[PDB]
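Text of target-v1.txt, listed as compact mmCIF, C-alpha atoms and all ligand atoms:
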# COMPACT_ATOMS: atom_id res chain seq x y z
CA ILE A 1 17.27 29.69 -46.39
CA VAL A 2 14.02 27.92 -45.43
CA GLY A 3 10.75 29.77 -46.06
CA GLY A 4 12.49 32.60 -47.88
CA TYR A 5 12.12 34.05 -51.38
CA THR A 6 14.30 34.64 -54.45
CA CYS A 7 16.08 37.92 -53.73
CA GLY A 8 16.54 38.97 -57.32
CA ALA A 9 19.84 39.21 -59.21
CA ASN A 10 22.28 41.51 -57.43
CA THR A 11 19.72 42.94 -55.00
CA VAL A 12 22.04 42.09 -52.07
CA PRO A 13 25.34 43.50 -53.47
CA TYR A 14 27.32 42.86 -50.28
CA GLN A 15 26.56 39.12 -50.25
CA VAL A 16 29.59 36.92 -50.81
CA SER A 17 29.91 33.24 -51.64
CA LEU A 18 32.90 31.38 -50.13
CA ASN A 19 33.99 28.79 -52.68
CA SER A 20 36.35 25.80 -52.64
CA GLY A 21 35.12 23.96 -55.74
CA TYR A 22 31.59 24.44 -54.40
CA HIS A 23 29.76 26.99 -52.21
CA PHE A 24 30.26 26.25 -48.50
CA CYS A 25 29.47 29.52 -46.70
CA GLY A 26 28.37 33.09 -47.21
CA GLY A 27 30.02 36.35 -46.22
CA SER A 28 29.63 40.11 -46.34
CA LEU A 29 31.82 42.60 -48.14
CA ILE A 30 32.56 45.37 -45.62
CA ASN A 31 35.02 47.22 -47.86
CA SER A 32 36.78 46.66 -51.19
CA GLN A 33 39.26 44.24 -49.66
CA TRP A 34 37.68 42.74 -46.55
CA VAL A 35 34.96 40.15 -46.05
CA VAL A 36 33.36 39.25 -42.72
CA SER A 37 32.13 35.69 -42.21
CA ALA A 38 31.75 33.03 -39.51
CA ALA A 39 34.83 31.53 -37.87
CA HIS A 40 33.31 28.07 -38.26
CA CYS A 41 33.52 28.59 -42.03
CA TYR A 42 37.30 28.65 -41.87
CA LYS A 43 39.03 26.64 -44.57
CA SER A 44 42.26 27.02 -46.51
CA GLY A 45 42.12 27.58 -50.27
CA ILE A 46 39.10 29.86 -50.22
CA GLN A 47 37.97 31.77 -53.30
CA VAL A 48 35.63 34.68 -52.60
CA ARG A 49 32.91 35.11 -55.22
CA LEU A 50 31.29 38.55 -55.49
CA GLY A 51 28.33 39.73 -57.57
CA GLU A 52 26.74 36.30 -57.54
CA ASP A 53 23.15 35.26 -58.11
CA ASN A 54 23.14 31.87 -59.82
CA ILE A 55 26.23 30.29 -58.33
CA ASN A 56 26.37 27.55 -60.98
CA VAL A 57 26.20 29.77 -64.07
CA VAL A 58 28.56 32.55 -65.14
CA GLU A 59 26.06 35.33 -65.95
CA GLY A 60 28.35 38.34 -65.81
CA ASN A 61 29.03 40.71 -62.87
CA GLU A 62 30.98 38.04 -61.00
CA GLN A 63 34.37 38.68 -59.49
CA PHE A 64 36.44 35.71 -58.34
CA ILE A 65 39.12 36.79 -55.91
CA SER A 66 41.29 34.51 -53.80
CA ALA A 67 41.57 35.07 -50.08
CA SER A 68 45.06 36.14 -49.04
CA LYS A 69 44.42 35.52 -45.34
CA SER A 70 41.55 34.42 -43.10
CA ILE A 71 41.69 35.80 -39.57
CA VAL A 72 39.59 33.68 -37.21
CA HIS A 73 38.71 35.42 -33.94
CA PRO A 74 41.42 34.42 -31.42
CA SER A 75 38.81 33.53 -28.80
CA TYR A 76 36.53 31.52 -31.08
CA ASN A 77 35.29 28.37 -29.37
CA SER A 78 34.29 25.60 -31.77
CA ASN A 79 32.12 23.83 -29.18
CA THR A 80 30.02 26.76 -27.97
CA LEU A 81 30.45 28.71 -31.22
CA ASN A 82 31.10 31.78 -29.11
CA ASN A 83 33.00 34.52 -31.00
CA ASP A 84 31.96 32.94 -34.30
CA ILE A 85 33.42 35.64 -36.53
CA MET A 86 36.17 35.60 -39.15
CA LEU A 87 37.73 38.30 -41.32
CA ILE A 88 38.94 37.47 -44.81
CA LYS A 89 41.34 39.70 -46.70
CA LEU A 90 41.06 39.65 -50.49
CA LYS A 91 44.19 39.15 -52.58
CA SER A 92 42.99 42.05 -54.73
CA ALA A 93 40.49 44.83 -54.11
CA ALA A 94 37.02 44.13 -55.44
CA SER A 95 35.66 46.42 -58.14
CA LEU A 96 32.85 48.14 -56.28
CA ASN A 97 29.87 49.09 -58.40
CA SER A 98 26.08 48.79 -58.51
CA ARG A 99 26.12 45.00 -58.18
CA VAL A 100 29.09 44.65 -55.84
CA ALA A 101 28.96 46.96 -52.81
CA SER A 102 29.97 46.96 -49.16
CA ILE A 103 27.70 46.98 -46.11
CA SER A 104 28.16 49.29 -43.11
CA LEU A 105 29.18 48.12 -39.66
CA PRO A 106 26.70 49.11 -36.93
CA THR A 107 27.39 52.02 -34.58
CA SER A 108 25.07 50.56 -31.95
CA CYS A 109 23.33 47.26 -31.35
CA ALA A 110 19.90 46.57 -32.82
CA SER A 111 16.97 46.06 -30.45
CA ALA A 112 14.41 43.27 -30.24
CA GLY A 113 11.69 43.65 -32.85
CA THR A 114 14.03 45.12 -35.46
CA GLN A 115 13.36 43.57 -38.86
CA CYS A 116 16.44 42.36 -40.71
CA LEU A 117 17.23 40.72 -44.05
CA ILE A 118 19.04 37.37 -44.01
CA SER A 119 20.40 35.85 -47.23
CA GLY A 120 22.39 32.94 -48.62
CA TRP A 121 22.63 29.86 -50.84
CA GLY A 122 22.16 27.39 -48.00
CA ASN A 123 19.75 24.49 -47.62
CA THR A 124 16.11 25.38 -48.33
CA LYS A 125 14.59 22.34 -46.56
CA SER A 126 13.95 21.75 -42.85
CA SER A 127 13.67 18.01 -43.42
CA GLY A 128 16.10 17.03 -46.14
CA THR A 129 18.57 18.82 -48.39
CA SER A 130 17.89 21.11 -51.33
CA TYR A 131 20.34 23.80 -52.37
CA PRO A 132 19.25 26.72 -54.61
CA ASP A 133 21.05 28.02 -57.69
CA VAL A 134 20.06 31.61 -56.96
CA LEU A 135 20.26 33.73 -53.81
CA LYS A 136 17.44 33.35 -51.28
CA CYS A 137 16.24 36.08 -48.93
CA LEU A 138 14.34 36.09 -45.66
CA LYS A 139 13.08 38.98 -43.58
CA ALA A 140 13.11 38.17 -39.86
CA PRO A 141 12.89 40.14 -36.62
CA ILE A 142 15.48 40.11 -33.84
CA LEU A 143 14.00 38.29 -30.83
CA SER A 144 14.21 39.34 -27.18
CA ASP A 145 17.04 37.88 -25.16
CA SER A 146 14.57 36.32 -22.74
CA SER A 147 12.93 34.39 -25.58
CA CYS A 148 16.34 33.55 -27.04
CA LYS A 149 17.70 32.17 -23.76
CA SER A 150 14.43 30.33 -23.13
CA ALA A 151 14.88 28.57 -26.48
CA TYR A 152 18.54 27.75 -25.82
CA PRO A 153 19.18 27.51 -22.04
CA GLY A 154 22.86 27.94 -21.20
CA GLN A 155 23.92 28.18 -24.86
CA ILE A 156 23.44 31.89 -25.52
CA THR A 157 26.36 34.22 -24.83
CA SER A 158 26.36 38.02 -24.86
CA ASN A 159 27.86 37.71 -28.34
CA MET A 160 24.80 36.02 -29.76
CA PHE A 161 21.23 37.03 -30.56
CA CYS A 162 18.22 35.14 -31.89
CA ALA A 163 16.33 36.16 -35.01
CA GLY A 164 13.53 34.35 -36.74
CA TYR A 165 10.16 32.77 -36.08
CA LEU A 166 9.30 30.58 -33.10
CA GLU A 167 6.47 28.98 -35.08
CA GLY A 168 9.15 27.51 -37.33
CA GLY A 169 9.14 27.22 -41.11
CA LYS A 170 11.36 30.25 -41.78
CA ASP A 171 15.04 30.25 -40.86
CA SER A 172 18.63 30.25 -42.15
CA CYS A 173 20.22 26.81 -42.57
CA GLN A 174 23.45 24.96 -43.48
CA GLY A 175 25.37 26.73 -46.22
CA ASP A 176 23.99 30.07 -45.06
CA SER A 177 26.63 30.26 -42.31
CA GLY A 178 28.83 33.33 -42.45
CA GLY A 179 26.08 35.16 -44.30
CA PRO A 180 24.73 38.65 -43.47
CA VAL A 181 21.90 39.79 -41.21
CA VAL A 182 21.31 43.40 -42.25
CA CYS A 183 19.06 45.68 -40.23
CA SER A 184 18.41 49.27 -41.33
CA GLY A 185 21.37 49.21 -43.70
CA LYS A 186 23.79 47.96 -41.05
CA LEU A 187 25.34 44.50 -40.68
CA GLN A 188 24.02 43.44 -37.27
CA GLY A 189 24.59 39.71 -37.49
CA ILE A 190 26.40 36.79 -39.06
CA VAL A 191 24.59 33.50 -39.66
CA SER A 192 26.10 31.25 -36.98
CA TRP A 193 24.01 28.29 -35.77
CA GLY A 194 20.69 26.82 -34.74
CA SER A 195 19.17 23.52 -33.68
CA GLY A 196 18.26 22.07 -37.04
CA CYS A 197 16.55 24.44 -39.45
CA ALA A 198 13.20 26.19 -39.25
CA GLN A 199 12.26 24.10 -36.21
CA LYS A 200 9.49 25.18 -33.83
CA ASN A 201 10.84 27.22 -30.90
CA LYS A 202 14.42 26.85 -32.19
CA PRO A 203 15.23 30.18 -33.89
CA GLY A 204 18.49 31.00 -35.60
CA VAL A 205 21.33 32.24 -33.44
CA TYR A 206 23.60 34.88 -34.90
CA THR A 207 26.93 36.44 -34.02
CA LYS A 208 26.31 39.89 -32.50
CA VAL A 209 28.49 42.05 -34.77
CA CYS A 210 28.02 45.26 -32.75
CA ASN A 211 30.18 43.63 -30.05
CA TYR A 212 33.01 43.28 -32.58
CA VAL A 213 33.20 46.67 -34.30
CA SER A 214 36.38 47.76 -32.48
CA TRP A 215 38.00 44.35 -33.02
CA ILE A 216 37.18 44.32 -36.75
CA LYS A 217 38.46 47.87 -37.24
CA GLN A 218 41.65 47.32 -35.21
CA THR A 219 42.44 44.03 -36.94
CA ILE A 220 41.85 45.48 -40.40
CA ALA A 221 44.00 48.49 -39.50
CA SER A 222 46.89 46.23 -38.50
CA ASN A 223 46.65 43.89 -41.50
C1 LIG A 301 31.58 24.09 -35.49
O1 LIG A 301 30.84 24.48 -36.67
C2 LIG A 301 30.02 23.53 -37.16
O2 LIG A 301 30.29 22.33 -37.16
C3 LIG A 301 28.85 24.12 -37.68
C4 LIG A 301 27.87 23.04 -38.23
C5 LIG A 301 26.56 23.69 -38.74
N1 LIG A 301 26.02 24.53 -37.68
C6 LIG A 301 24.71 24.43 -37.37
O3 LIG A 301 24.21 25.15 -36.51
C7 LIG A 301 23.74 23.45 -38.00
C8 LIG A 301 23.11 23.96 -39.33
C9 LIG A 301 22.77 25.46 -39.31
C10 LIG A 301 23.71 26.41 -39.78
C11 LIG A 301 23.42 27.78 -39.76
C12 LIG A 301 22.18 28.23 -39.27
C13 LIG A 301 21.22 27.30 -38.79
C14 LIG A 301 19.88 27.78 -38.28
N2 LIG A 301 18.98 26.92 -37.86
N3 LIG A 301 19.64 29.07 -38.26
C15 LIG A 301 21.53 25.92 -38.82
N4 LIG A 301 22.70 23.11 -37.03
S1 LIG A 301 22.86 21.70 -36.03
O4 LIG A 301 21.67 21.58 -35.23
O5 LIG A 301 23.33 20.61 -36.81
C16 LIG A 301 24.13 22.23 -34.99
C17 LIG A 301 23.80 23.14 -33.98
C18 LIG A 301 24.78 23.62 -33.10
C19 LIG A 301 26.13 23.19 -33.24
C20 LIG A 301 27.16 23.65 -32.37
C21 LIG A 301 28.51 23.21 -32.51
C22 LIG A 301 28.83 22.29 -33.55
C23 LIG A 301 27.82 21.82 -34.41
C24 LIG A 301 26.47 22.27 -34.27
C25 LIG A 301 25.44 21.79 -35.15
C26 LIG A 301 26.82 25.59 -37.08
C27 LIG A 301 28.14 24.96 -36.56
CA CA A 302 27.15 32.99 -61.27
Since I need it in another form, could you write the structure as structure tokens?
Amino acid sequence: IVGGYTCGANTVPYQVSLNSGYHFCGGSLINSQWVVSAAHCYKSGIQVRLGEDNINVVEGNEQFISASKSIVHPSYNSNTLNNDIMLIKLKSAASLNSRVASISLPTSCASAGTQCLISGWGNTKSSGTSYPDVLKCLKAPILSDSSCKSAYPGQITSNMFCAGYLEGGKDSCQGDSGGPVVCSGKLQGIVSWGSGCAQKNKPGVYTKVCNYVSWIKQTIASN
């Protein structure tokens, strides 16, 4: 997260860290046994780490659970990043409590202007690479589709929305992918992509979760 702030230990209880000997992506706990992330984060041998703050130190409250199966959206396109959503089933159910909780799926799409909270352990620098130990947060509004499409001509699908600041300096970045975009207590987006990080007129593009509610529910119900 570039231009964000230290969230505070366990203040984002639904935030998940996807680990394979190091943190490579974020995710959101949607129920005791299912995590939603980005399809481009797909990797075998994934360990889901819940209740994390400092990812390098064991401080207590952590829960390391292996993924039993990662279901990448069947229509995910790795070039366009369209349908960039993946469901991960936990080998065991997470122990939900004050520091490890699930986030609700939206019942309707969020409108432009809506302020959301984006979080993750991704790169904190626009020019260079600097990864934080603790979770970083960023509050950012959902942009209008006209502005979004103006920023990324021919790259925005109906399953994507822009959120961030056109002036640059504040945005999600590498390592944040798969992470949550929560608006009014609902998971509206998944950190997907962007041209660089915190660049002027190049906001972050996120997977529009409200377009996937039925798919998520149906897939979970059949798995
Ligand atoms: C297929 O999955 C990948 O290989 C991933 C590589 C990383 N990736 C990116 O968008 C990167 C870094 C990144 C990641 C997440 C959010 C932002 C942001 N600015 N909000 C930037 N930004 S980038 O400018 O280097 C970039 C942008 C668009 C891309 C589209 C397809 C493939 C790689 C891409 C890389 C997403 C796709
Ligand atoms: Ca830790």
Calculated over all atoms listed in the file, which of the candidates A:24, A:161, A:206, A:64 has the smallest distance to ligand CA 302 (chain A)?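 Using all atoms listed in the file, the shortest distance to ligand CA 302 (chain A) belongs to A:64.
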With 5 Å added on each side, what axis-aligned box encloses every listed atom of ligand LIG 301 (chain A)? Give the centre and edge lengths in Å to one decimal, as JSON.
{"center_x": 25.3, "center_y": 24.8, "center_z": -36.1, "size_x": 22.6, "size_y": 18.5, "size_z": 17.4}
Among the residues A:171, A:84, A:59, A:145, the one that comes closest to ligand CA 302 (chain A) [using all atoms listed in the file]: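 Smallest separation from ligand CA 302 (chain A) among the options: A:59.
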Taking only C-alpha atoms and all ligand atoms into account, which residues have an atom no farther than 10 Å from ligand LIG 301 (chain A)? I'd like them as a PyMOL selection string. chain A and resi 1-2+25+38-42+76-82+84+122-123+126+155+162-164+168+170-179+190-199+202-206
Residue nearest residue 212 of chain A - candidates A:200, A:99, A:73, A:49, atoms counted: only C-alpha atoms: A:73
At a cut-off of 10 Å, using all atoms listed in the file, what residues contact residue 71 of chain A? Leave out same-chain residues fewer than 2 positions from it and give the result as an MDAnalysis selection string. chainID A and resid 36:37 39 42 69 73:74 85:89 219:220 223
Ranking A:95, A:188, A:159, A:61 by minimum distance to ligand CA 302 (chain A) and counting all atoms listed in the file, which one comes first?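 Result for the nearest residue to ligand CA 302 (chain A): A:61.
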For segment 154-183 of chain A, where the input has fewer atoms than it should, I would like N, CA and C atoms rebuilt and written as a PDB file, keeping the file's coordinate frame.
ATOM      1  N   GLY A 154      21.429  28.116 -21.375  1.00  0.00           N
ATOM      2  CA  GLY A 154      22.860  27.940 -21.200  1.00  0.00           C
ATOM      3  C   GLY A 154      23.734  27.915 -22.453  1.00  0.00           C
ATOM      4  N   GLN A 155      23.154  28.193 -23.617  1.00  0.00           N
ATOM      5  CA  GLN A 155      23.920  28.180 -24.860  1.00  0.00           C
ATOM      6  C   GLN A 155      24.130  29.554 -25.467  1.00  0.00           C
ATOM      7  N   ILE A 156      23.358  30.530 -25.005  1.00  0.00           N
ATOM      8  CA  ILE A 156      23.440  31.890 -25.520  1.00  0.00           C
ATOM      9  C   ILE A 156      24.418  32.759 -24.746  1.00  0.00           C
ATOM     10  N   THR A 157      25.376  33.343 -25.454  1.00  0.00           N
ATOM     11  CA  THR A 157      26.360  34.220 -24.830  1.00  0.00           C
ATOM     12  C   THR A 157      25.971  35.653 -25.178  1.00  0.00           C
ATOM     13  N   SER A 158      26.660  36.620 -24.591  1.00  0.00           N
ATOM     14  CA  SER A 158      26.360  38.020 -24.860  1.00  0.00           C
ATOM     15  C   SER A 158      26.733  38.399 -26.293  1.00  0.00           C
ATOM     16  N   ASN A 159      27.421  37.489 -26.973  1.00  0.00           N
ATOM     17  CA  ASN A 159      27.860  37.710 -28.340  1.00  0.00           C
ATOM     18  C   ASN A 159      26.972  37.013 -29.340  1.00  0.00           C
ATOM     19  N   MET A 160      25.756  36.705 -28.917  1.00  0.00           N
ATOM     20  CA  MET A 160      24.800  36.020 -29.760  1.00  0.00           C
ATOM     21  C   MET A 160      23.418  36.621 -29.578  1.00  0.00           C
ATOM     22  N   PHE A 161      22.604  36.550 -30.623  1.00  0.00           N
ATOM     23  CA  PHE A 161      21.230  37.030 -30.560  1.00  0.00           C
ATOM     24  C   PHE A 161      20.408  36.118 -31.458  1.00  0.00           C
ATOM     25  N   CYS A 162      19.133  35.969 -31.121  1.00  0.00           N
ATOM     26  CA  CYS A 162      18.220  35.140 -31.890  1.00  0.00           C
ATOM     27  C   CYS A 162      17.438  36.019 -32.843  1.00  0.00           C
ATOM     28  N   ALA A 163      17.120  35.468 -34.006  1.00  0.00           N
ATOM     29  CA  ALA A 163      16.330  36.160 -35.010  1.00  0.00           C
ATOM     30  C   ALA A 163      15.569  35.075 -35.746  1.00  0.00           C
ATOM     31  N   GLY A 164      14.310  35.349 -36.046  1.00  0.00           N
ATOM     32  CA  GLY A 164      13.530  34.350 -36.740  1.00  0.00           C
ATOM     33  C   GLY A 164      12.100  34.242 -36.274  1.00  0.00           C
ATOM     34  N   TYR A 165      11.541  33.045 -36.435  1.00  0.00           N
ATOM     35  CA  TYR A 165      10.160  32.770 -36.080  1.00  0.00           C
ATOM     36  C   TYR A 165      10.051  31.528 -35.209  1.00  0.00           C
ATOM     37  N   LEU A 166       9.469  31.691 -34.028  1.00  0.00           N
ATOM     38  CA  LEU A 166       9.300  30.580 -33.100  1.00  0.00           C
ATOM     39  C   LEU A 166       8.320  29.535 -33.622  1.00  0.00           C
ATOM     40  N   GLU A 167       7.434  29.929 -34.529  1.00  0.00           N
ATOM     41  CA  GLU A 167       6.470  28.980 -35.080  1.00  0.00           C
ATOM     42  C   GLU A 167       7.154  28.030 -36.048  1.00  0.00           C
ATOM     43  N   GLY A 168       8.397  28.344 -36.403  1.00  0.00           N
ATOM     44  CA  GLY A 168       9.150  27.510 -37.330  1.00  0.00           C
ATOM     45  C   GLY A 168       8.779  27.789 -38.776  1.00  0.00           C
ATOM     46  N   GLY A 169       9.419  27.064 -39.691  1.00  0.00           N
ATOM     47  CA  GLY A 169       9.140  27.220 -41.110  1.00  0.00           C
ATOM     48  C   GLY A 169       9.910  28.281 -41.860  1.00  0.00           C
ATOM     49  N   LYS A 170      10.577  29.180 -41.144  1.00  0.00           N
ATOM     50  CA  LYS A 170      11.360  30.250 -41.780  1.00  0.00           C
ATOM     51  C   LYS A 170      12.633  30.431 -40.965  1.00  0.00           C
ATOM     52  N   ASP A 171      13.779  30.158 -41.579  1.00  0.00           N
ATOM     53  CA  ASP A 171      15.040  30.250 -40.860  1.00  0.00           C
ATOM     54  C   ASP A 171      16.226  30.102 -41.822  1.00  0.00           C
ATOM     55  N   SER A 172      17.422  30.443 -41.354  1.00  0.00           N
ATOM     56  CA  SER A 172      18.630  30.250 -42.150  1.00  0.00           C
ATOM     57  C   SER A 172      18.966  28.769 -41.917  1.00  0.00           C
ATOM     58  N   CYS A 173      19.876  28.218 -42.704  1.00  0.00           N
ATOM     59  CA  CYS A 173      20.220  26.810 -42.570  1.00  0.00           C
ATOM     60  C   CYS A 173      21.656  26.569 -43.024  1.00  0.00           C
ATOM     61  N   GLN A 174      22.083  25.309 -43.063  1.00  0.00           N
ATOM     62  CA  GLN A 174      23.450  24.960 -43.480  1.00  0.00           C
ATOM     63  C   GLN A 174      23.766  25.592 -44.827  1.00  0.00           C
ATOM     64  N   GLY A 175      24.983  26.101 -44.974  1.00  0.00           N
ATOM     65  CA  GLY A 175      25.370  26.730 -46.220  1.00  0.00           C
ATOM     66  C   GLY A 175      25.153  28.227 -46.166  1.00  0.00           C
ATOM     67  N   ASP A 176      24.294  28.653 -45.244  1.00  0.00           N
ATOM     68  CA  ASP A 176      23.990  30.070 -45.060  1.00  0.00           C
ATOM     69  C   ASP A 176      25.004  30.679 -44.093  1.00  0.00           C
ATOM     70  N   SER A 177      25.639  29.826 -43.292  1.00  0.00           N
ATOM     71  CA  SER A 177      26.630  30.260 -42.310  1.00  0.00           C
ATOM     72  C   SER A 177      27.614  31.283 -42.850  1.00  0.00           C
ATOM     73  N   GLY A 178      27.918  32.287 -42.033  1.00  0.00           N
ATOM     74  CA  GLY A 178      28.830  33.330 -42.450  1.00  0.00           C
ATOM     75  C   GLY A 178      28.082  34.472 -43.108  1.00  0.00           C
ATOM     76  N   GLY A 179      26.897  34.168 -43.633  1.00  0.00           N
ATOM     77  CA  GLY A 179      26.080  35.160 -44.300  1.00  0.00           C
ATOM     78  C   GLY A 179      25.635  36.342 -43.457  1.00  0.00           C
ATOM     79  N   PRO A 180      25.187  37.422 -44.110  1.00  0.00           N
ATOM     80  CA  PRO A 180      24.730  38.650 -43.470  1.00  0.00           C
ATOM     81  C   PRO A 180      23.321  38.684 -42.890  1.00  0.00           C
ATOM     82  N   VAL A 181      23.176  39.510 -41.858  1.00  0.00           N
ATOM     83  CA  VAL A 181      21.900  39.790 -41.210  1.00  0.00           C
ATOM     84  C   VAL A 181      21.962  41.316 -41.174  1.00  0.00           C
ATOM     85  N   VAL A 182      21.301  41.946 -42.139  1.00  0.00           N
ATOM     86  CA  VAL A 182      21.310  43.400 -42.250  1.00  0.00           C
ATOM     87  C   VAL A 182      20.026  44.029 -41.725  1.00  0.00           C
ATOM     88  N   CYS A 183      20.189  44.991 -40.830  1.00  0.00           N
ATOM     89  CA  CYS A 183      19.060  45.680 -40.230  1.00  0.00           C
ATOM     90  C   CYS A 183      19.292  47.177 -40.413  1.00  0.00           C
TER      91      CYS A 183
END
